[PDB]
């Protein structure tokens, strides 16, 4: 067309290459709904290959009926958001064996990498907490060779989440620390996960003034408020 | 250079006909650093265990913290649903703009 | 030009009132200190656990949890215009002659449509634009009841209005003051 | 590939719980255009202001766009006429200066019978303009605050 | 109650003030740790599968934390992890650098 | 059409806006200023008859506002016309008083640059567009957002309300736009048919028809009932 | 002639689209575990009503992946679906 001055000084090998490319070089996927589906689903390792079948039968590793139970028992661990404490060795072990059965590893998880994970979490959270601590205060006795007590708030762990933003996993956790950690003053934070409803301002409904005792849906939410 | 005019054809293939001069230079100096880091980490991962799955490990090691994440719509939908539980607060009814309380505004501050 | 006059319901109470005298979709039971989630006709009975303490936060907010969509498609239960009817039985406050029956409605989210599409992606293998067109067509056919009608704008008709229906800044002695909180 | 999308839509409605007549009527409702609202920018004869009721908006209590067709207190309803006659030093000024008094008096006497605090707003808002024109009658109308005060 | 001990060993008085933590920050940092664990072991499982094995040894985790996060835990298997290449270029590359230096001196 | 042409801006003036009564113009610069022009040649000093001092300064009938640290990509005027709302690439939206020329409130709820701020019809609460593929609903008295509008595939470019202030319209760079319920947060309409990033959207004062323009030079109109 | 060569070069550049070899989907631990837990409760609760088979494996009873022991670097795999 009009690019004779530019498409010509490409060499003959380059042009003979670039008159051949097409769509259909891959075996990939690109539908992002399907990528999120395959990242969501739990997958169990199966066997069809005969050499790997005799390799997994020799080392006394079991059939997929045990790896599916191991998936379920690695998922059923009380993960550390619910327990409000750093996890222990059995929780680490069960979660890591469930993850290793998710990825395909049908072997055994070593007992020293759990302690390595423990020290990794130690130094990770110590780095984050230290570079939040030395920003609310200038420790004059430290950082030198010759006031009171402060509590770090969630706004501070958002404020030094960005002044030193390299310190994070950049996964979901930093997204929720940026997106949902800051609360407006009518947020009703000290709660029981349900009392921010509109009907808890408008009067507990009483009971059983009826022969058939079918009730209304504004009473069912008061029933579920108690639990 | 061959890749300056190849970047000319790449930019023109996505309908970018006006740009400056140092923009393919910046694209080439990005691609050099990215490929050098990827191949160095892949040489590490091949001394550990070159091949294509080695390159896949070396570019999955650094996908996790720099470029645009993949299919983030369902996590954002979950996060939106956690934020859109709370009903909207009571608004003023005096047809104007209401400020926050005075300590939450950039006025009672000092230098 | 429309051909008929249509009567479509997009509330909770009106859909429930329309769908009384109909067979329910779920069957939930509140026994003493343990619960049971069965089908209308091996159905499990749970201790006070934390999956149920998070499912109960999705029935005081009348919406379906996003996790259940595919398995509802597996379990052949009856949907009702995208919603499903939870019939709760409180056996602690029963009457003698039957427990206390509640009948609430749970409403679909954007998450329920996304998880329904993600579970459609198992055996269909569609692209992204087919999901876009499918979502657009369903958001057309199932989201009626739009409040698209404009009132008067009070900022142009300022001369025919009370003077203190607006809140502008004023200048006090040597400073000025806005409205806060 | 649009007929296959139509079939996927029909099977989705069938599995998501729409009756055959109900799905046919929702399709026919989806196809026809939004008709004309004759009060489209809310013309100032049959149109109202939005309520200032300190609640956030809610798109419920609302019927469909497919179907065919589509209290106001005294102080603003007097301030409209007040500004309309106040924007004129024309040939018709002093006749409006004449007729502005008894409409205010009758609005005040019809508003003390319903809402007393709105009436106390309405009296002292438009008090000091014609005191020199109508004497101590507005001073006599200080002590009216209820139905029995009339 | 372990995170209060972690902030206790980070923030001590030491003659200059004690820093404490609040509950919302505890839920935030516990979610951060909860996602950090899975993000380390999911790449470590890929490394252990890349090593054509079935067990999840500690060299995978120590390699994955040395290369990417550079936490640098002292030796658990950190003598096999420490790979020493000198990163000197090839013979074509030094030839091309000789050509570039020759043109840079022949230009003047 | 009355055309306001700005002269000595060396390609470093982003999108501008005029107030209502057309007395103030606001232009966001690439070097983190907001420039405020009195379009009538007025004083724009708000002297408040006391008139203390400082005629020694240079007032070229134009005030500069320096509160941002990134480049200002959008700017919106209140219908009250007394406040200005400037959205930047530093991850804040700031509020300015147009009668003392200072900053009042910083609004931090984004982690990517802000591209389109827009007040409500009644001036109640403003919606925001950003690079993180989500729109956010705010309020002028709350520091942090109130709703998150998520569901687009690419980032949100333009934002606009329905003229009653009851729906939100967001257009995005994945060749589509959406109508969002302002209370429940979830999308009510998805409009497909474009072939380029939707860059400006506007809904008619009737309210039944939506119009938007893309970067392909094609405007198109849908009706919100049928959606086609 | 340079004209057919130039148009076929521009035909070649107009047909090449890259995909990434490794893309890490932005997700969570907690939403994944809570999705699994709620799906396990409501999957164990009801029945299947099959034509010939039900989905799931031992103690899953839902749509479960079929990743092989080898080919762990594959991008897609089969799932379980109730077959009539």
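Note: ideal-geometry Cβ built from the backbone for every residue, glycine included; neighbour counts use all protein chains shown. Every number in this text was worked out from the coordinates using simple rules, so none of it is lab data.
Could you check which residue among E:77, E:44, E:90 shows the biggest mean-square fluctuation in a GNM of chain E with a 10 Å Cα cutoff?
E:90
Can you tell me what the convex hull of the Cα atoms of chain E projects to on average, as an area in nm²?
14.5
Choose one answer from F:217, F:109, F:193: the residue with the largest mean-square fluctuation in a GNM of chain F with alpha-carbon springs under 10 Å.
Maximum fluctuation in the GNM of chain F, among the listed residues, is at F:217.
In a GNM of chain G with a 10 Å cut-off on Cα contacts, which of G:64, G:48, G:29 has the highest mean-square fluctuation?
G:29
Rounded to the nearest 500, what is the protein assembly as shown's calculated 222 nm mean residue ellipticity when only DSSP H runs of at least 4 contribute -39500 (n - 2.57) each, over all residues?
On the way: 33 runs with 380 residues, N = 1089.
-10500 deg cm²/dmol, from helical runs alone.
Which whole-number percent gives the relative contact order of chain E, counting Cα pairs below 8 Å spaced six or more residues apart?
Result for chain E is 13 percent.
Calculate the length of the line joining the C-alpha centroid of region D:1-26 to that of region D:60-90, in whole Å.
Result: 44 Å between the Cα centres.
Modelling each spin label as a point 7 Å along the Cα-to-Cβ direction, I'd like the residue D:115/residue F:61 distance in nm, to one decimal.
4.5
Which three extents, in whole angstrom, do the alpha-carbon atoms of region A:74-227 cover along their principal axes, largest first?
For region A:74-227, the Cα spread along each principal axis is 80, 53, 24 Å.
Hey, fewest Cβ within 10 Å first, where do D:89, F:84 land in order?
D:89, F:84
Suppose a student asked you for the relative contact order of chain G, using Cα pairs under 8 Å spaced at least 6 residues apart; what percent would you report? Can you show the working numbers first?
Numbers: 52 pairs, mean separation 19.6, N = 84.
Computed over chain G, the figure is 23 percent.
State, to one decimal in nm, how far the label point of residue A:209 lies from the label point of residue B:43, with both points 7 Å from Cα in the Cβ direction.
8.4
Stretch residue F:7-residue F:50 to full length: gain in nm at 0.36 nm per residue minus the Cα-Cα span?
Here the segment from residue F:7 to residue F:50 would lengthen by 11.9 nm.
Relative to the compact-globule scaling 2.2 N^0.38 Å, provide the ratio for the alpha-carbon radius of gyration of region D:2-78.
1.74
Taking a ≥ b ≥ c as the square roots of the Cα gyration tensor eigenvalues, with a/c under 1.5 meaning rounded and otherwise prolate when a/b beats b/c, else oblate, which class fits chain G?
Prolate, since a/c reaches 1.5 and a/b exceeds b/c.
Nearest 0.05, what FRET efficiency do residue F:206 and residue D:45 give at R0 = 30 Å with Cβ-Cβ as r? Intermediate values should be presented prior to the final figure.
On the way: r = 17 Å, r/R0 = 0.56.
The calculated FRET efficiency here is 0.95.
What residues of region G:1-41 lie in the reach of a label at residue A:23, counting those whose backbone N is under 13 Å from a point 7 Å from the Cα along Cα→Cβ?
Of the residues in region G:1-41, G:14-19 have backbone N under 13 Å from the label point off residue A:23.
Let me know the shape class of region F:78-170, please: from the alpha-carbon gyration tensor, a ≥ b ≥ c as square roots of the eigenvalues, rounded when a/c is under 1.5, otherwise prolate if a/b is greater than b/c, or oblate.
Taking the square roots of the gyration eigenvalues as a ≥ b ≥ c, region F:78-170 is oblate.
Computed on alpha carbon atoms, what radius of gyration and Dmax characterise the protein assembly as shown, expressed in Å?
Gyration radius and largest Cα-Cα distance of the protein assembly as shown: 33.8, 114 Å.
With r defined as the distance between the Cβ atoms of residue F:154 and residue G:3 and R0 fixed at 56 Å, what FRET efficiency is calculated, to the nearest 0.05?
Step by step, r from the Cβ atoms, then E = 0.90.
Residue D:11 to residue F:195: FRET efficiency via 1/(1 + (r/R0)^6), r the Cβ-Cβ distance, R0 35 Å, to the nearest 0.05?
On the way: r = 30 Å, r/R0 = 0.85.
Using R0 = 35 Å, I get an efficiency of 0.75.
Normalised radius of gyration for chain B, please: alpha carbon Rg relative to 2.2 N^0.38 Å, two decimal places.
Numbers: Rg = 25.1 Å, N = 111, 2.2 N^0.38 = 13.2 Å.
The reported ratio for this selection is 1.90.
Within 10 Å of each Cβ in peptide F:44-53, how many partner chain Cβ atoms are there on average? Round it to a whole number, please.
Rounded to a whole number, the mean comes out at 1.
Where a ≥ b ≥ c are the square roots of the eigenvalues of the C-alpha gyration tensor, would you call region C:1-138 rounded, which needs a/c under 1.5, or, failing that, prolate if a/b is larger than b/c, or oblate?
Verdict is oblate for region C:1-138.
Treating each Cα of region A:1-131 as an identical point scatterer and ignoring solvent, apply the Debye formula and state log10 I(q)/I(0) at q = 0.17, 0.18, 0.22 Å⁻¹.
Log10 of I(q)/I(0), two decimals: -1.06, -1.14, -1.29.
Return the distance in nm (one decimal) between the two label points of a simple spin-label model at residue A:137 and residue A:14, each offset 7 Å from Cα along Cα→Cβ.
Output for this residue pair reads 6.2 nm.
I'd like the distance separating the alpha-carbon centroids of region B:28-75 and region C:114-173, in whole Å.
One Cα centre to the other: 41 Å.
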